[PDB]
């Protein structure tokens, strides 16, 4: 199936590893030029190198904290200088939480609000005008199954991802007049490095069988009884931002292996 995004410019936040890198490889595979965004400079250089070598597309690196207005303004200025504007924006930067409401500090709340919601708000403000000038585009928000089905141990994550899923919906209605399609993707269990680090930490005193720990997670949560690969998730991001998904507007698409328990 032709995706029709050859030569389009795709900005992916949090794209030096895990889901965000797999997303960047999937767009690169389809001929899209890539803007990679993350904090660690070295991992970012590796990712760019590998994308260029494997896929022969242009890759720009922006090494900034997207949870800050300065960081966002640098992404916007770098995209403008190198490419003129973006055709695709994937908001993927984000991270799990771990607290009780009774004990969490206000600053922790603030931090996930800036990272999960304010980054998407500021990137929409900064990139929509260029995308509009280029004739339209696609914006995706990677929220989470937690945005609707909260996990008990991460209330701040649940709340901020919930806010992000609403944000995506409100942006979709505001920019569709610009021929800009906005949608949300809500992933289930996706096997990424932090899951492995967590599985090892939690099994350190009972045998170290981190793979069995992950298998029990999938057994308890997903009818599919396994985690997804980042690559299988990325496919959906690429599809939704392609010329083949032109009637998707303001929707939330779950990619979750049966984990959502309700209709």
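Positions refer to the first chain, counted from 1.
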query	finding
Selected stretch [higher average CA B-factor]: 155 to 163 or 186 to 194	186 to 194
Which of 40 to 48 and 220 to 228 has higher mean CA B factor, as the PDB entry lists it	40 to 48
Highest recorded Cα temperature factor - choice among 103, 87, 174, 114	103
Which of 122, 169, 80, 141 ranks first by CA B-factor in the deposited coordinates	80
B-factor third for the C-alpha atom of residue 251 within its chain	lowest
Ranked against its chain, the third holding the CA B-factor of residue 55	highest
Cα B factor band for residue 145 (lowest, middle or highest third within the chain)	lowest
Third of chain Cα B-factors occupied by residue 214	middle
Third of the chain, ranked by Cα B-factor, where residue 234 sits	lowest
